[PDB]
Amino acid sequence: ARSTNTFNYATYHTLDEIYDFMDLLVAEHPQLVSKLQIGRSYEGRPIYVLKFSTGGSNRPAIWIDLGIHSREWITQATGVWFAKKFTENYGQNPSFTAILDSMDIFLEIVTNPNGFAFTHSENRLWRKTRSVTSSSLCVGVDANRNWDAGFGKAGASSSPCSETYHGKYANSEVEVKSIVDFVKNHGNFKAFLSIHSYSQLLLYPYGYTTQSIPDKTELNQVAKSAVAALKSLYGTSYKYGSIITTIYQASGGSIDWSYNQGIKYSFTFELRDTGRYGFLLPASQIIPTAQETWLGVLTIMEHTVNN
């Protein structure tokens, strides 16, 4: 509340709490972390990315996004945690310190502000954006169906009323469009991670096609390593594989897009649990989720810095 050291990481926060946190952290580590506004959401809320950097030109960078699907509250919670941890581990953890010395990290905690507000406001289980319009009384697009990676194919609904609506066209949602433009403009991203919940999966491309990525052996071996890492803390068991194979065919997904942009290291995480609590994971499992997912992510990032 008064400092990032006083913020309660073991509870779920609202939008303004999260935003105010961002500003604290920036304040406490001005040499390490910047706040960027890459856009504004459908209902005009600012969209923020934290950049963690030790300097340099346009260093290779790591993208992380959380909270694309608003009801997956454990993601935004992990995101806050990550932010602090980056600030904590730099100069303490030799590994993490080798990473930031050579790459930047871009973290988007609340990818989907509007639907986030709406989960607190009115329906806890809202998933989509809050876009309106057209020949529909139904609001919102499945932002993780809106990307230009086999847009509109099977694995997404063309019904506005659908929980998996894909929207009117690829990149129609300003929440997506804004990441698209920013990553295309940066042009030096090496990894692209998107955090979801639940069902404990680590996923690489594709979702939209049966076709194998050419990097399949590496990304699988990376996935494998990551999963092994994560499990090490608390013994949380994760399955890994390509989307379509592991979860289901899904079109217009983040990772397919990123990967098609030449960002080799594209992974999505589906965090705890497996169905016991589902989206309404207990405040008590925040920290132990964050810690373990951490190791998973840190393993991807070391692989990244190394190849």
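Numbers for residues come from their place in the sequence shown, where the first is 1.
(request) May I ask you to compare 191-199 and 125-133 by their mean CA B factor in the entry and name the higher one? (result) Result of the comparison: 125-133.
(request) Could you check which stretch, 4-12 or 298-306, carries the larger mean CA temperature factor in the entry? (result) According to the PDB entry, the answer is 298-306.
(message) By the CA temperature factor listed in this entry, which of these ranks top: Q76, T217, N89, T210?
(response) In the PDB entry, the greatest C-alpha B-factor among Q76, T217, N89, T210 is found at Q76.
(request) Using the entry's values, work out which of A83, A229, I179, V110 has the largest Cα B factor. (result) It is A83.
(message) Per the entry's values, where does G278 land by CA temperature factor relative to the rest of its chain, in the lowest, middle or highest third?
(response) Middle third.
(request) Looking at the entry's B-factor column for C-alpha atoms only, identify whether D142 ranks in the lowest, middle or highest third of its chain. (result) Lowest third, going by the recorded CA B-factors of the chain.
(request) Could you say whether, by C-alpha temperature factor, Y259 belongs to the lowest, middle or highest third of its chain? (result) Answer is lowest: the recorded C-alpha B-factor places it there.
(message) For the chain shown, is the CA B-factor of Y42 in the lowest, middle or highest third of its modelled residues?
(response) Within its chain, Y42 is a middle-third residue by C-alpha B-factor, going by the deposited values.
(request) Taking the chain's C-alpha temperature factors as the reference, tell me which third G55 falls into: lowest, middle or highest. (result) As the PDB entry reports it, the C-alpha B-factor of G55 lands in the highest third of its chain.
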